[PDB]
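By convention in this document, chain letters (A, B, ...) are assigned in the order of the sequence lines, proteins followed by strands, and residues within each chain are numbered from 1.
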Protein chains: 4
Amino acid sequence: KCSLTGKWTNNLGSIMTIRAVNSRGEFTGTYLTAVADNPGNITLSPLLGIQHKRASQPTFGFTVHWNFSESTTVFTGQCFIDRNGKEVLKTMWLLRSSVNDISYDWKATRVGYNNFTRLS
Amino acid sequence: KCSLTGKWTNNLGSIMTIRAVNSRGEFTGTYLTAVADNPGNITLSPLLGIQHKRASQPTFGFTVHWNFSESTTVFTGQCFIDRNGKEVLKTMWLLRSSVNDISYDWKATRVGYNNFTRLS
Amino acid sequence: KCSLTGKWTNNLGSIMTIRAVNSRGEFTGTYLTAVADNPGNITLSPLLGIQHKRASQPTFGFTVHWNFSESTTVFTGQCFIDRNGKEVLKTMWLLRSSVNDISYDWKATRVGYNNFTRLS
Amino acid sequence: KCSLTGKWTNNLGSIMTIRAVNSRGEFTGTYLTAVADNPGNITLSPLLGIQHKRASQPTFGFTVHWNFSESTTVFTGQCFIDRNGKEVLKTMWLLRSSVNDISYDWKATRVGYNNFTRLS
Ligand SMILES: O=C(O)CCCC[C@@H]1SC[C@@H]2NC(=O)N[C@@H]21
Ligand SMILES: O=C(O)CCCC[C@@H]1SC[C@@H]2NC(=O)N[C@@H]21
Ligand SMILES: O=C(O)CCCC[C@@H]1SC[C@@H]2NC(=O)N[C@@H]21
Ligand SMILES: O=C(O)CCCC[C@@H]1SC[C@@H]2NC(=O)N[C@@H]21
């Protein structure tokens with residue numbers, strides 16, 4: 001069974017650390033992004049999410065509340081286990097920026113991908 | 001100040017309730033989707049997320065762990081307040097399906113929008 | 001049968017004209033966005049796309065080459081007709097910005113929706 | 001200057017062939033996807049798009065009209081040139097399925113990425 005607990009890195013070099021997954025599938029953790037709109041401001045930021053519990057290759061989602069900007073990212077994906085037991089998270093994300101008013105909403109959401117593997 | 005705690009409906013007819021937002025911006029709630037891949041299976045599903053606390057029109061994200069499928073959705077957006085104090089959540093979402101192995105990952109993520117308004 | 005040829009407006013106030021659709025489903029047209037990163041620079045921009053021909057409610061895609069920035073948008077969606085013969089294009093888009101090198105690629109793609117109705 | 005003319009493969013193994021880019025940046029080509037909802041049906045399919053012309057690392061978009069389904073995909077991205085002259089297309093895509101009526105629109109759009117490099 002793939003659990004999100006542990007430390008992961010992604011293809012951009014970001015690191016996240018996920019704590020214990022509870023019996024509902026909820027987890028917390030931290031996220032250190034390698035990149036940002038203003039990378040001189042980056043600080044470690046909290047995440048909160050839910051994975052499925054029964055599945056060996058669960059889907060999941062989490063939210064990162066950036067501690068250094070007004071933005072928020074959500075990630076969703078699936079944990080896959082290889083025939084050799086190696087785990088990969090395949091994800092996609094939406095990065096929501098804060099805009100001044102509803103007339104600017106159209107420009108507020110970026111999209112992308114990230115592949116994660118275990119640090120150790 | 002635009003608040004997330006309370007009862008919301010979206011443009012598809014789905015409803016959600018969001019409980020008290022704590023000092024870290026974290027919240028839980030319950031989501032009733034009006035639509036699904038298999039709508040005869042729909043059950044109430046928990047959500048867990050984080051909003052920004054200081055901002056009057058905060059960005060936020062949350063995860064919905066569907067209790068009736070192997071899928072997961074994440075929503076991100078911003079809470080706007082107009083001149084008369086009417087709130088709207090402008091959101092975008094990613095809906096992740098479970099696929100059998102990594103070679104099917106390409107097809108696993110749907111995207112869309114939802115505009116939420118306060119029930120009553 | 002839902003036709004794309006003609007003049008459309010979307011929920012942001014943008015307008016487009018689409019010319020005759022050929023036997024292969026290919027079409028050209030002109031797009032006037034109501035919004036931009038630098039709205040003082042907006043000029044009319046060409047579009048080029050393909051729809052399905054046989055379907056009464058065809059899917060389609062088109063590219064807009066912005067004539068006033070280095071960005072490009074793609075739209076995809078479906079043309080629906082209701083009981084009274086009213087057409088709507090339900091679309092989603094990706095807006096690609098130019099970045100300096102591949103290390104900035106992660107931030108280069110915005111996503112959103114647009115609903116179009118026929119002008120007159 | 002990166003021109004999209006030539007043959008490319010992506011990370012899923014798909015192949016596309018792009019013909020001459022005209023002075024407006026328009027191009028046609030063909031796309032042989034490695035994967036599909038029903039891979040037993042895959043046939044070579046046409047594409048039509050636009051790239052920017054002046055830029056050495058242009059943004060672009062194109063539409064693929066699948067010749068074996070009612071779906072359409074759009075891709076947008078940028079062509080990057082390395083310090084060694086090697087070219088990569090970084091893209092993201094929206095895959096629009098045909099649904100029966102507007103009430104199913106919410107489930108009709110998949111999203112993903114693709115990285116392309118030159119065949120030869
Ligand atoms: O720029 C900000 O204000 C917040 C940081 C955003 C970093 C994004 S989240 C999606 C992508 N994946 C990462 O690991 N980092 C970037
Ligand atoms: O179909 C499933 O297995 C889970 C339900 C998915 C419902 C989606 S989430 C995005 C969109 N917004 C809604 O309120 N419902 C749909
Ligand atoms: O800002 C630019 O440089 C180009 C204009 C982008 C306008 C976008 S495309 C998606 C959305 N829908 C519209 O009608 N306009 C915006
Ligand atoms: O399944 C279909 O009806 C049409 C084929 C879709 C193939 C998609 S397009 C996005 C992704 N990238 C590829 O090279 N192939 C898949």
Is it the case that atom [atom1] in [X] sees more than 12 heavy atoms from other parts of the structure closer than 6.0 Å?
X: D/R19; atom1: CZ; answer: yes
X: C/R24; atom1: CZ; answer: no
X: C/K7; atom1: NZ; answer: no

Find the distance between [atom1] ([X]) and [atom2] ([Y]) and round it off to the nearest 0.5 Å.
X: D/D101; Y: C/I81; atom1: CG; atom2: CD1; value: 12.0 Å
X: C/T76; Y: D/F75; atom1: OG1; atom2: CZ; value: 11.0 Å
X: C/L48; Y: D/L48; atom1: CG; atom2: CG; value: 3.5 Å

Next item on the list: Determine whether C/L94 and D/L94 make a side-chain contact, defined as any pair of heavy atoms from C-beta on separated by less than 4.5 Å.
Entry: yes

Next item on the list: For the residue pair C/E70 and D/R54, establish whether any side-chain heavy-atom pair is separated by less than 4.5 Å.
Entry: yes

Check: For C/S69, does its backbone N or O pair with a side-chain atom of D/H52 as donor and acceptor, under 3.5 Å?
Finding: yes

Checklist line | Top contributor to chain C interface from D/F80, D/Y113, D/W66, D/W93 [non-hydrogen pairs under 4.5 Å] | finding: D/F80

Notebook entry, point to check: With chain C, which of D/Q51, D/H65, D/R96, D/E26 has the greatest number of heavy-atom pairs at distances under 4.5 Å?
Noted result: D/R96

Notebook entry, point to check: Looking at C/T73, C/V99, C/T109, C/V88, which one has more heavy-atom pairs under 4.5 Å with chain D than the rest?
Noted result: C/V99

Notebook entry, point to check: C/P58, C/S97, C/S71, C/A108: which one forms the most heavy-atom pairs within less than 4.5 Å of chain D?
Noted result: C/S71

Note to self: Need one label for D/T28: side chain, backbone, both or neither, based on atoms under 4.5 Å from any heavy atom in chain C.
What the structure shows: neither

Notebook entry, point to check: With only heavy atoms counted, which part of D/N100 is less than 4.5 Å from chain C, the side chain, the backbone, both or neither?
Noted result: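 Backbone of D/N100 only, per the 4.5 Å heavy-atom cut-off to chain C.
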
Check: Going through the distances and angles, do D/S98 and C/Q57 end up as a side chain to side chain contact (heavy atoms under 4.5 Å, CB included)?
Finding: CA-CA 8 Å; D/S98 175; C/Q57 290 182 131; over 6 Å; no

